[PDB]
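This text opens with one protein chain seen in two forms, each one given by itself as structure tokens under the names structure 1 and structure 2.
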Structure 1
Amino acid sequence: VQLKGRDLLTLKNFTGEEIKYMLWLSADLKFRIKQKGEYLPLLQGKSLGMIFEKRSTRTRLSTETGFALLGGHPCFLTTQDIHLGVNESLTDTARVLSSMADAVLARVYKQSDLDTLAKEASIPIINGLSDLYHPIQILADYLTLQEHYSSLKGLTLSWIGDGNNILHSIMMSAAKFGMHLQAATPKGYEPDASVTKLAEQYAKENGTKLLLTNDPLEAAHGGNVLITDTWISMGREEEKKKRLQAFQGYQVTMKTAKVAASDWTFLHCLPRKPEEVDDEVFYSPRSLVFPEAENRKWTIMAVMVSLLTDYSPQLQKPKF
């Protein structure tokens, strides 16, 4: 595996082996720093441009404390403070960022903006969430699952919710780890047809199952991991009611868990609202939500180290 200098816009560009390497490095960095208490200045004398177009708590903190914990300087940049709209062409900000920072993490709306940024910048561009994908979230999720189950292959993931960026990222990666996917979305709220097609292909290549359905309980049946995220989230758009009406019945409850495998667990990328999951499941001993949120930090540290240095993990490779 050779990842230095690459961008990380989506997991579709990464093989099973490459994503497994990032989880190995995550585990290595976590063992060395969190458990052995070592100081590892691997990104010393480096900087990161962190462009944020939307609010963030987890991606913000994990990237900022993580970049800094390796001795590098993270630079928090917003639309309000820098030139980015009608203020300056993205080609120009991409070249300017290239000569001043060593990499960019950018949370945008348009995935097309990440593509322009990656084409125009000569430094690594990491996706901090876009409307289409959220790869660095799935990195934390899969690490949290490997830590819980001691392996990944053969697990069935049960998505219940909107056919959004988190589901597309799972779709781009689950089969590469030999994990099955059963996903429930309302009619008209399906995953992107292009992504589904590629997920079907990955499932065939890896001998895993892919199931798309509109029934929450069908998605949950025999699943080891129940996964959801905010659906209602129309923000605050008066006419909404329909993201409530179409999504009625998608709340993850213990009824949902009753249908799942005996060793079931629960994930949610956060922030969480009451509509997608109730308090009984969200704060269940089986809920891996806050371990998951913590692993956003060790995995973005591993992303940064693999895309910018030639560091080799000292840890034994985790069983996947």
Structure 2
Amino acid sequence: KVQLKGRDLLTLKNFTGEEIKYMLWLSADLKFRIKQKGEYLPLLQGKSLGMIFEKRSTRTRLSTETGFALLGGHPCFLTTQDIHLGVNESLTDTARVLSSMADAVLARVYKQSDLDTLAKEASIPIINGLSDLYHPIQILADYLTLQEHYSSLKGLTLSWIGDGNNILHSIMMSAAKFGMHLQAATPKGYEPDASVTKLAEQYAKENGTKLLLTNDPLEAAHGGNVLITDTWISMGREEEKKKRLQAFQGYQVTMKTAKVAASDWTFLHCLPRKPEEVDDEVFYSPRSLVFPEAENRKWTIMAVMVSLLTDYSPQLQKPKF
């Protein structure tokens, strides 16, 4: 049914519900075999990964590097300071050299269009490691964490409070494909991309789910099963700190926020977390799935790499979504 080998993964907008579910199935399979059964599975033996990072990273860096190596492959960490890209060489040429020396590329960038150039010019899989526009592999870890917590996903309401950024765009490109509703609050002027919203509206209609965009945190939180936030000042946006601290007043997730949420509410934050978006009482709550979520960045990028580079079939029974 699903065929993912050789594909790029630039955004979850290019993937069906069935395809994203397959990647979560594979994540759960690799997690069960390796973390629980202690198996060594050299699925990426004799393969290598080029990791280009234009921005700081703790989770994406660590999960990708230890995950690729745990399956027997070699991860090569490449920064702007060490390679010729931008400085002495074009992206087209860098993309062709990477194609002949590595089996895939994970690139954390500013411009999504750089990932498109890389995908068009390389004949190997290009995986988005975060861009200004989308962060698809984060949402993989998020939905796996919620499937593990709730034992299914269909009908959950996700409540975003915060900026209309890359994380919210990736939730918008995927939530409805799992039959989940989305209620999202951002400050006025900080809404998600109009083009992304338009396509999320279509997905909601196709899947019979609700999509609500608002500027009120408590309207977004009302009846939500999952409260989700992120930093108000994303990487590359630090010049706007003053204006954003003023615009985002009233948007911190607290227990007041949770008081309005469904009784089984949990909390997610992609991390790194600052004190502004969420207080400590929620962040370190027993309902906070923040550190399980961060661990699942590893099992899900492992599943991405296995499905884009091999013909491995999951032995695990498919999870209930």
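Numbering for residues begins at 1 and runs along the sequence of structure 1. Throughout, rigid core stands for the largest set of C-alpha atoms superposing within 1.5 Å between the two forms. Residues that one form lacks are left out of the comparison.
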{"item": "Single mover in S233, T213, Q111, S151, with Cα shift of 2 Å or more between structures 1 and 2 when the core is superposed", "value": "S233"}
{"item": "Angstrom shift of the Cα atom of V86 between structures 1 and 2 (superposition on rigid core)", "value": "3.1"}
{"item": "After superposing on the core, C-alpha shift for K187 between structures 1 and 2 in angstrom", "value": "0.3"}
{"item": "Segments of at least three residues whose Cα atoms shift by 2 Å or more between structures 1 and 2, after superposing on the rigid core", "value": "232-241"}
